[PDB]
Every structure is written in structure tokens, then in C-alpha cells.
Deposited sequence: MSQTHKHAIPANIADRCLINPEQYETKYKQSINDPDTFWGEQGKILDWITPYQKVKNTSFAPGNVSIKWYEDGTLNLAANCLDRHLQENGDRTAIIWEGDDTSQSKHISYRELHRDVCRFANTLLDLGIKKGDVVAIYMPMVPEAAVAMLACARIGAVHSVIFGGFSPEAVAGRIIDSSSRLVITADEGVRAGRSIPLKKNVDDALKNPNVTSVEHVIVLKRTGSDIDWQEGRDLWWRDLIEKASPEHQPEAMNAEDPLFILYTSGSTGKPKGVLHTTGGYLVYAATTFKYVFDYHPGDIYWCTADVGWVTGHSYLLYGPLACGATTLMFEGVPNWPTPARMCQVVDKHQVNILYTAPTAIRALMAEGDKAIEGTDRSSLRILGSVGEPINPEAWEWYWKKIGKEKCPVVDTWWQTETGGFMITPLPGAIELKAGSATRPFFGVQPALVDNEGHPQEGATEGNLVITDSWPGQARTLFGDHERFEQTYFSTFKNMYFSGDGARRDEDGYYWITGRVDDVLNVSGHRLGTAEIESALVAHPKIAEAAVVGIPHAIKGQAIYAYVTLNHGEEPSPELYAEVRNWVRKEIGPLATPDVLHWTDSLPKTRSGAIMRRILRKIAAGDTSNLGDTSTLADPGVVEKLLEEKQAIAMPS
């Protein structure tokens, strides 16, 4: 049944159950008053007058918030805190090696961001230019992002785990002018060859836009160097002035791109602007994590993903929080690592992923052995569904039965939390995201777009805009309309399925499109198919997800070879390595199913549902039996 709000939370919560109901209803009935007042969570250089100005209508998808106002994201995350809180830790950095760590005051963070901003400008970088950031979990990644935002440059963070080919792709689509990386990343006592990956990516003859590469000496390893192109981070920043006066950006000036896998084609750059995004990130962070000054906060998400943008850096810093940046993996060297970090830094709010929770739970009490955990007050979960027994293990083992768990459902296209508990306001059901946040109107529709009311299930749509909504796909607004606003007209389609129970709670069941969730990573099946088919021995491929006790879904690839070609264990490894090279280790098929029996319709279209069910272990009609025999082997 429900978990009641505990008294300690009741005594402190910013939002109680009555306040939730009042605010939500105003957020929907009168969003201009509600967000007009709520926008004051930030400092504006010139105040807005218009608040909500959005349309989801066919041929007129247009989203604007606070449009006539100006601000600077770097000033809201840094400058404004300096006067009263400049000595406060903005970022606690915990190294993969626990003997290495740092506390970085707001004043120290501000200074390096000013220096790096001048560094960028001196390099000929201007407002509107795209800057690729391919960084490990080090504070210099945050410096780079915040300095881009300060000067109105549009950063494009590329997750460090992508391959040279995945990196080149992103640089080409975005016309990145600059690449910011490190000699090597460090993760689980191991090096990641980031700069060398950059070298390989930049040899792709279709990469034409890049003028420099800035390189942080993280490990001091021997690397190759291209004179003139390659610049050391330290060389540049030490010669830069610490004085930088921030200019006003418009609320709708582009802030960042994030490449996101979709149901069809290669990943596209989900674009966020400035005002609405930052208002929404700060508002959701504060209310949902019940942030009180002095609260130590740790989100485990990588900087390379939206969770890392909104809830490691932007939400927290705007709010004047201490946010923890962990360099490593929550279970290395031992499964107790995560909770040792909590004890070490007296962390009060912990926000992580179900895959991580499941990985720790497999280790049982080894995940908590020798650790206290008493500083914790709030837990959270993001990225994927969480089953009740993982939710209960997390709530009992990590939170000592004392901490509410906020299961936050949202996406890269939403900027911030969409459906989530608030810890002082909403009683928890293990596995449920619960109720919509302020300004969020979910609905469920069937495949024909018919709204489904009460306790039912359907396709999860949002029926109006909210301040943190992505504004477009980089260079392709028509695709943006087509992808999200064309299936169910006048509505934003999330691509997820959900049920709503008799209490009005949402239970997110997962993607209903051809998108996979693998270790809490969003990947398209079509893009893995392309990677595979690009192999010179492969003619066809069909990728499906299957359940996996830790990963959530594993990648199961049915593969048809060019005629005359034979399978082998050599070829098996080689085809996995092939995808590892095309995209990255994150997209590596778990299973390869060699077949000549791909099930096609009368018009040659792949019957995915049957592949899915067969892989899950349970025209030319004969193919099913051959597929089942093969699967059995």
C-alpha cells in the first residue's frame, strides 16, 4: 500500500499536500500568474511581461516562455550567490580514487568560469556557436558548460562513452567549432582514451567545422598532438583574465543541444533555450528534492545526459546548492562505494538510477557494509521504471526506511521533472511516478487518439506546454513537429505508455515506440540496425529489447548475413565489436541471433512483435518455427 509522509518531512517540506493541490490547480488554470510569479526564482536583467506563449497546432508548433525578458544562466548559477554565499561549496568533486577530492566554492567556480569564458572569446567563439564537450566527470566539464552558457555559446555535451564514430556524427550535425576533452577519463581504476577518440573522430573527412581542440591534462598520459589545433586547458586558462561581465541573453536564445536517440533514424539534437528551461529546472529541483539551504546533494547521472545538465549542474547551482560530482562508478572498488561517498560527504539528498540500485541490490548488504547513511533525508530515482522490490530495497537499505523516494518521470525533450512525487505532499506507491508536476497536463490516449478516462491505460501525451519544454530539433523544426506533434494532433507525444490508477497515479510502463532502455540509456533500434547492416557481411538486421534483471532491457539482434557467408564465434565477437565501434559499448548487442527467417509482411515489412516475444523466451508462415528452433539453441 501507500507510504505515508513521515513527520520530519512534514515539519520541513516546502510543499505540503494542500499547497501541492493549490499550486497545481493555479498552474493549469492561470499559468501566466503562476509562472509569472514562479519565474522570480531567477534574476532577470530586463523583466519579462509575456509569460506563456505556446502552440502545439499542426504547422504551427511554437513554444515561448518569458520571451521578452533577458537573463544570464551563468549569473543565476554563480554571480548572484557570491555576495552572501561565495565561500559556500558549489561543487564537491569525489575522484574515482577516493584519496582525490575537491571542494569548489561558488567564488572559485565563478573565477574559472570567467577565465574560461574569456578563453572561449579569445579563441573567436561567439554567441550562437556550437561547442562540443566530450569530457569525463571532472569539474572542468562544468566550467566548460557554464562558460559556454555565460557567453551565449550553445554547448553540445557528448557522453564520454560514445565511440569516435558517434562523436564525429554529433560534430558534423551540429557544425561544432571547438572540441573540449581530456587526455583520458578515469573510471573503475581504468583510463578512457578520450583525446585519442577525438583524434579518430576528426579524421573522418566529413568533419570540416572544427578549428581547435582544448585538452585537459587529467592523467598526464602520452598522447598524440596536432600543433596549432591542439591546446592544453591549463595553458589557455592561466593566461586568461578572471574578470568577465555577463551579457543579457534573451529567454529564447538557444542554451544547449543534446543528441537523443529516437524511434527512427540517427540521434537528433534536442534543443533547449534559456529562461523557461532554467526556471523549470530550479523550480523542480527545489520543490521535488525539498531543498533547504545547507543540504548536500548528489545526483549520480553523467554530465553527458540531460539528468546531468538539469539536476547535477543547472537546477542545483541556480538554487545555490552544494552539488556533488562523482568521477567514478557507485560500486567500485566495492558495492559499498555509493554509501561510503554519502558518509564521506554527509549527503542529504541522493538521486540515482534503477540500474545502479539493481546492481547494488544484487550485492545485498555488501552495498551498505561499514556505512552509516544517517545524513540522508530524500532519495530519488530516474531514467527507467523501477519495480516495487527494487524500490523497497532502496527505501529500506539506503534510506533506512526514513527517506521518501521521488521517482521522477521526464525526458530529454521535457527539460525537467514531469510526473513525480513531492516528498512532503504526496504519499508514495512503490513503482509509481505518481502525480504531474506544476504546469503538466498528462493524458492517456489509445492508438486512435481517443482519450481514456479514470483508471485505464494508454499512450502518454502532454496536452499543453510547460516552461522547460525543448523548443526544437537543431536545424530541423519540421522534424520536431513530425516526431512529437503529428501522431496525436495538438498534443506532445512522449513515446511512453502508462497506466493511471483509481487514485489518479501514473505508472510508466515504458516506450511504445522502437526505443530501448538499456542500463538507463535511451537507444533506438533502427540506429543499431543501421550499425549492423553497415557491417560488410550483414544484409539485414532486426533489433529488439528483452527483459534483463540488472540492465532492464538487453539488446537482442536478429542478423541475416549476405548470401554465402557463414556464422562463427570469430564473427560473433566481430559483429559485437563492430557495433561497439559504430556507436559505443552502451549499444553492444547482448545476443546475436543468426537467421534467414526474418518474419516479413506481404509488403516486406518486419513483424517486430513476434521477434520481441520469441527473444523474450516465449507472409512466409514457416519462419516462426525456424526462429523458435534457433532461439532454443
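- Absent C-alpha positions map to the deposited sequence ranges 1-4, 623-632, 648-652, in order along the chain.
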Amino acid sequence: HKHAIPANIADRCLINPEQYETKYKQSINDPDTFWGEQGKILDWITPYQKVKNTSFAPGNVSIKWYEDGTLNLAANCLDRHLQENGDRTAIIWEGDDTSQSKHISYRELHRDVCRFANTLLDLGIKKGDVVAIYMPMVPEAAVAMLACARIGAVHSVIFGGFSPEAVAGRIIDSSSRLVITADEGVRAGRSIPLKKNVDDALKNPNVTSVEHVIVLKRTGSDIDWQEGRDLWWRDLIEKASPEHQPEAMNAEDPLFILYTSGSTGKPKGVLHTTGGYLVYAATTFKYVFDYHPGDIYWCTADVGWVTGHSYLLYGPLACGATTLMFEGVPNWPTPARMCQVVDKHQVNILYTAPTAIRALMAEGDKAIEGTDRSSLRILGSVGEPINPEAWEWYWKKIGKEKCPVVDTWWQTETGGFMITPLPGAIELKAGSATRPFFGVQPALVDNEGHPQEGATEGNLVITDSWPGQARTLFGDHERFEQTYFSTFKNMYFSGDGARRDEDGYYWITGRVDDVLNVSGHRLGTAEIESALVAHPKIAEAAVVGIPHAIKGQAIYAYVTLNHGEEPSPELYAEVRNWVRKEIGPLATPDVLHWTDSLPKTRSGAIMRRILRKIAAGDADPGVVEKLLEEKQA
From here on, numbers count along this sequence of modelled residues.
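- In this entry, 544-552 has the higher mean Cα B-factor, the comparison being between 544-552 and 322-330.
- In this entry, the higher average B-factor at the C-alpha atoms falls on 238-246, of the pair 252-260 and 238-246.
- In this entry, the residue among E457, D200, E184, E94 with the greatest C-alpha B factor is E457.
- Per the deposited record, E502 carries the highest C-alpha B-factor of all listed residues (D464, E502, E392, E165).
- Remark: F488 belongs to the highest third of its chain, ranked by C-alpha B-factor as recorded.
- In the PDB entry, a CA B factor belonging to the lowest third of its chain's modelled residues is recorded for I63.
- In the deposited entry, the Cα temperature factor of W305 sits in the middle third of values across the chain's modelled residues.
- In the deposited entry, the Cα temperature factor of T274 sits in the bottom third of values across the chain's modelled residues.
- Residue-level temperature factors show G416 in the lowest third of its chain, judged at the C-alpha atom.
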